[PDB]
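Colleague: I have a structure I would like to understand better, so I am pasting it below and will then ask my questions one at a time.
Cβ: placed from backbone, ideal geometry, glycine included. Neighbour counts: every protein chain shown. Throughout, read-outs are computed from the coordinates displayed, never taken from laboratory work.
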Amino acid sequence: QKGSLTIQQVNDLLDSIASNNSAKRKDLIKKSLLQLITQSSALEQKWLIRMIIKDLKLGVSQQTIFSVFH
DNA sequence: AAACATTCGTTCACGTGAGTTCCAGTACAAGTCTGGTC
């Protein structure tokens, strides 16, 4: 019901997944995904799946996010 | 001298133009789903 991951850790794990896919090593992808699964809650994992597939469906336009930012 | 007609300022109802609020139609842009091959 509670996670123990920070944003930097998640970015590092995703970077490892991408790089190891580029290098044709699936064991490291499995290890990174296992760490993410073991150190995350169900909601966090749902959002991680959405981020991996690259579709969040927030309902707010990218232009709106940029306008809010600056 | 008395009765009737006309005129006048008033009154009401009804119709038309301009201002304001609300909603439907239109336009455009982004998001989402799909197709095909290498």
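Colleague: When segment A:33-70 is examined, which residues are found to be of a type in the set (F, W, Y) and under 27 Å from A:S4 (Cβ atoms)? Don't jump to the end; show me each part of the working.
Modeller: Taking segment A:33-70 as the starting set, the residues that turn out to be of a type in the set (F, W, Y) are A:47, A:66, A:69.
Residue satisfying the conditions is A:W47 alone.
Colleague: Mind listing whichever residues of segment A:27-40 are of a type in the set (S, T, Y) and within 13 Å of the chain's Cα centre (by Cα)?
Modeller: Within segment A:27-40, the first condition is being of a type in the set (S, T, Y), and the residues that meet it are A:32, A:38, A:40.
A:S32, A:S40, listed by residue number.
Colleague: How many residues are of a type outside the set (G, A, S) and at positive phi when one looks only at segment A:14-62? Break it down into steps so the answer makes sense when it comes.
Modeller: Taking segment A:14-62 and keeping what is of a type outside the set (G, A, S), we get A:14-15, A:17, A:20-21, A:24-31, A:33-39, A:43-58, A:60, A:62.
Checking the rest, the ones that are also at positive phi come to A:24, A:54, A:57.
Residues in segment A:14-62 being of a type outside the set (G, A, S) and at positive phi: 3 in total.
Colleague: If you don't mind, there's one more thing I want to ask. Do any residues in segment A:39-51 that are in contact (Cβ under 8 Å) with a residue 40 or more places away in the chain have Cβ atoms under 7 Å from those of residues that are surrounded by 12 or more Cβ atoms within 10 Å (Cβ to Cβ) and of a type outside the set (F, W, Y), where the two are at least six apart or on different chains, and which pairs are they?
Modeller: A:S41/A:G3; A:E44/A:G3
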